[PDB]
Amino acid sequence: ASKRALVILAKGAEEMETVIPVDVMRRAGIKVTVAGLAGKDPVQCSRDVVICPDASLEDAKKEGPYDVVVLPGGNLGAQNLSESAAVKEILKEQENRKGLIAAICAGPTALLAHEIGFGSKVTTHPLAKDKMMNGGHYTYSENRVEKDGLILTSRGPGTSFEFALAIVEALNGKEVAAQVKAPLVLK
């Protein structure tokens, strides 16, 4: 059977960091649900692209669990993820079941907010490092994609293909990732 991904989409999310993972994961045959934090309504992203989610988060949760939960970046999107009790519960449950969590750019600061994955090596956008590192609960990395077991993190719009392909490799393996990669015309 196919692996399943939950992408949590909040107002102010970085739209490139939402669309690149969704599209690449669907190219890999993953069943992706784009879930709106606030409901089924369209979501205004950081650079004003408006995306209609597949489902509300409430309904998407009912259809879980998922092989990966993905948190896009964008500072305001990450703050909205960080402030959500619903996101807290989903991430706790995913951690408890030993499932992958993937977060990019400011997204990993929602892991801090929800006390997820402490003791892991993580990366973030350079401008989000100090927020992520408050309290020293993680060890910082400058790798473009960092994976410490079930916590997978990355840095920015320009690392989104690498991030998405790392998710594909973790779920579907290296050969599928390589097959998906070639038609993208990456350098």
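From 1 onward, residues are counted along the sequence shown.
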Out of 61 to 69 and 27 to 35, which one has CA B-factors that are higher on average in the deposited record?
-> 61 to 69
Please work out which of 51 to 59 and 123 to 131 has the higher mean CA B-factor as recorded in the PDB entry.
-> 51 to 59
Out of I8, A1, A5, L184, highest CA B-factor residue = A1
From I104, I90, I116, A78, the top C-alpha temperature factor is at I90
Among the modelled residues of its chain, does the C-alpha B-factor of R155 lie in the lowest, middle or highest third?
-> lowest
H137 CA temperature factor, ranked by third within the chain | lowest
Based on the entry's values, in what third of the chain does the Cα temperature factor of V168 lie: lowest, middle or highest?
-> middle
